[PDB]
Amino acid sequence: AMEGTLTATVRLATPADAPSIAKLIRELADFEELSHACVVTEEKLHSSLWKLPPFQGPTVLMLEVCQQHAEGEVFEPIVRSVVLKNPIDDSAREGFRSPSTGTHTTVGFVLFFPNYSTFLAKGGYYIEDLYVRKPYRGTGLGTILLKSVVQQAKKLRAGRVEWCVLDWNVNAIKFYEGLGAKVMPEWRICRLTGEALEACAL
Amino acid sequence: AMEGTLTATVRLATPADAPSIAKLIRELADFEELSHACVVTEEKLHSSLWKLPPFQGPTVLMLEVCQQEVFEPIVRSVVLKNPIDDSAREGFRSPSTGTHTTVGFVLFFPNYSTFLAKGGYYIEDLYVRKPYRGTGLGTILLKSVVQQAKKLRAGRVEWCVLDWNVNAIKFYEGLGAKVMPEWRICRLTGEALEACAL
Ligand SMILES: CC(C)(COP(=O)(O)OP(=O)(O)OC[C@H]1O[C@@H](n2cnc3c(N)ncnc32)[C@H](O)[C@@H]1OP(=O)(O)O)[C@@H](O)C(=O)NCCC(=O)NCCS
Ligand SMILES: CC(C)(COP(=O)(O)OP(=O)(O)OC[C@H]1O[C@@H](n2cnc3c(N)ncnc32)[C@H](O)[C@@H]1OP(=O)(O)O)[C@@H](O)C(=O)NCCC(=O)NCCS
Ligand SMILES: N[C@@H](CCCC[NH3+])C(=O)O
Ligand SMILES: N[C@@H](CCCC[NH3+])C(=O)O
Ligand code: NA
Ligand code: NA
């Protein structure tokens with residue numbers, strides 16, 4: 001069991017992280033009660049990610065823990081000390097060994113990509129997924145991961161940082177509101193997919 | 001002014017379209033009851049758009065009409081539901097062809113679904129000028145984006161709508177889109193974004 005103080009690391013994901021990303025996307029879909037809709041594979045991540053420079057297309061940041069630079073680098077890892085709220089019991093620890101450092105455990109991820117506001121006439125960032133494994137929630141790790149994205153977005157002069165939440169996901173809403181984000185009740189998401197997308201033609 | 005059949009053209013916007021795009025973004029913001037929050041300028045569009053290849057970043061397609069390649073223009077004949085009276089006609093002359101009137105625009109950019117593990121497209125803005133609504137022009141414009149998204153193997157085409165905008169909701173549902181009531185947009189901007197530190 002992990003006790004006392006942890007060292008938390010937020011770093012750019014590499015193709016070697018595809019197995020862990022696939023497992024975390026599946027855990028998130030299971031949390032959102034959307035397992036049937038989730039068809040992610042390591043192969044699909046290799047086909048679609050790591051094609052464009054980081055922050056110029058879909059980009060993943062990995063969150064990892066362990067028991068406690070030159071010019072023009074894209075993303076220097078963010079390293080923070082975290083005093084544990086309670087000791088952590090992680091039965092999944094061995095299946096989440098980090099490919100960057102063997103002594104690190106992968107505990108979360110975030111996927112984000114550029115968006116654009118016409119009212120601001122400025123580019124922003126959109127966060128697609130934000131996920132922390134169950135034994136590591138409530139001790140400040142999700143705050144470090146979200147704030148690392150926001151800090152990068154601000155460095156890139158983002159007008160806004162946006163994302164979506166399920167109306168029933170009260171713990172995430174409280175978490176986002178506590179960081180200054182506003183839940184906008186007036187907007188609804190529209191999706192054109194599957195057969196309806198196939199049928200949509202001129 | 002305009003009666004019978006129109007020729008509708010959907011084409012890629014160039015920097016010469018920044019004045020009309022700015023004008024149309026303002027009309028949309030006014031429709032969406034968000035005028036005060038709209039700070040678009042031609043200069044801001046020149047700084048943020050036309051920086052990346054089309055469909056690889058924020059991309060605009062213009063919608064233009066007249067009385068009857070990365071992206072080949074889409075040309076369609078449109079039988080007018082009712083004759084059109086356009087008092088703003090002279091302020092919306094097309095920079096591509098002088099005989100064409102700019103009546104709308106769409107802005108879209110790539111998005112990504114982790115559940116599909118596939119890229120898609122997100123439509124930021126979709127707008128048609130009031131005299132040209134309800135006669136099939138908006139359908140042509142949205143379908144032009146979807147056709148390009150499908151050619152680029154998009155898993156989904158997504159956008160958002162105000163819950164009170166029943167005319168856009170009906171239009172979207174009629175095209176096969178599903179309005180998903182469970183999702184809420186969260187935004188970190190302004191002072192809240194500036195105060196967010198690590
Ligand atoms: C939402 C999620 C990412 C947040 O991450 P977390 O690691 O659980 O978050 P934190 O621990 O930083 O913050 C959660 C709470 O703990 C509190 N907290 C942080 N450090 C703490 C500490 N050392 N001691 C006590 N409380 C602490 C924060 O103040 C926050 O409280 P609030 O929610 O009342 O503001 C995480 O719970 C998760 O993965 N959930 C399942 C998936 C999900 O909901 N995804 C959202 C996608 S839209
Ligand atoms: C929403 C908007 C983009 C749609 O464009 P439009 O040009 O009005 O759209 P169309 O004319 O293709 O479709 C509207 C309706 O007219 C009908 N229609 C189209 N051509 C027709 C014709 N020749 N004869 C009779 N009816 C016709 C369509 O079937 C559709 O009906 P439905 O709403 O019951 O499905 C437009 O009205 C607009 O700009 N509105 C204000 C801004 C706004 O709401 N933007 C959305 C931001 S999310
Ligand atoms: N373009 C608007 C959002 C409209 C979303 C619905 N089409 C903005 O920048 O705030
Ligand atoms: N990643 C999910 C959507 C989750 C949105 C909220 N984080 C999908 O591809 O459908
Ligand atoms: Na959610
Ligand atoms: Na709307």
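Sequence lines set the chain letters: A, B, ... in the order given, protein chains first and strands last, and positions in each chain run from 1.
- For B/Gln67 (side chain) and B/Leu6 (main-chain N/O), no donor-acceptor pair under 3.5 Å exists by modelled atom type.
- Proximity of a side-chain donor or acceptor of B/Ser113 to a complementary backbone N or O of B/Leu116 within less than 3.5 Å is detected.
- Side-chain atoms of B/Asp17 come within 3.5 Å of backbone N or O of B/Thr14 as a donor-acceptor pair.
- With B/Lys118 contributing its side chain and B/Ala154 its backbone, the two residues share no donor-acceptor pair below 3.5 Å.
- Using a 4.5 Å heavy-atom threshold, the side chains of B/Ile25 and A/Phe119 count as touching.
- Distance CG/B/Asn165 to CG/B/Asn167: 6.5 Å, rounded to 0.5 Å.
- Of the inter-residue distances, the one linking B/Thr102 atom OG1 with B/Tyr132 atom OH reads 9.5 Å to the nearest 0.5 angstrom.
- At distances below 3.5 Å, at least one donor-acceptor pair connects side-chain atoms of B/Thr41 with backbone N or O atoms of B/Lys44.
- A cation-pi arrangement is present between B/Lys23 and B/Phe92 under the rule of less than 6.0 angstrom and at most 45 degrees off the ring axis.
- Residues B/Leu80 and B/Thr5 have side chains not in contact (no heavy-atom distance under 4.5 Å, counting atoms from C-beta outward).
- The shortest side-chain heavy-atom distance between B/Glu124 and B/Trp159 does not fall under the 4.5 Å cut-off.
- Checked by atom type and distance alone, the side chain of B/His46 pairs as donor or acceptor with a backbone atom of B/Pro15 at under 3.5 Å.
- In this structure, the side chains of B/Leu193 and A/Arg160 stay at 4.5 Å or more apart for every pair of heavy atoms.
- A distance-only check finds no donor-acceptor pair linking the side chain of B/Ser20 to the backbone of B/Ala18 [under 3.5 Å].
- Note that OG1 of A/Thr118 and CG of B/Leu24 are 11.0 Å apart. Values are rounded to the nearest 0.5 Å.
- Between the CG atom in A/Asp129 and the CG atom in A/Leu28 there is a gap of 5.0 Å [rounded to 0.5 Å].
- In this structure, CG on B/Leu175 lies 7.5 Å from CG on A/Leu192, to the nearest 0.5 angstrom.
- A salt bridge between A/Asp90 and A/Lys134 is absent, with no side-chain N of the basic residue lying under 4.0 Å from a carboxylate O of the acidic one.
- Among A/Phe113, A/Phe55, A/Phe112, the single residue meeting the ring pair (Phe, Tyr, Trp, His ring centres under 6.0 Å) criterion with A/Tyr126 is A/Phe113.
- A donor-acceptor contact shorter than 3.5 Å is absent between the side chain of B/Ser144 and the backbone of B/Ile74.
- A cation-pi arrangement is not found for B/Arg11 relative to B/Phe71, the charged atom failing to lie both closer than 6.0 Å to the ring centre and inside a 45° cone about the ring normal.
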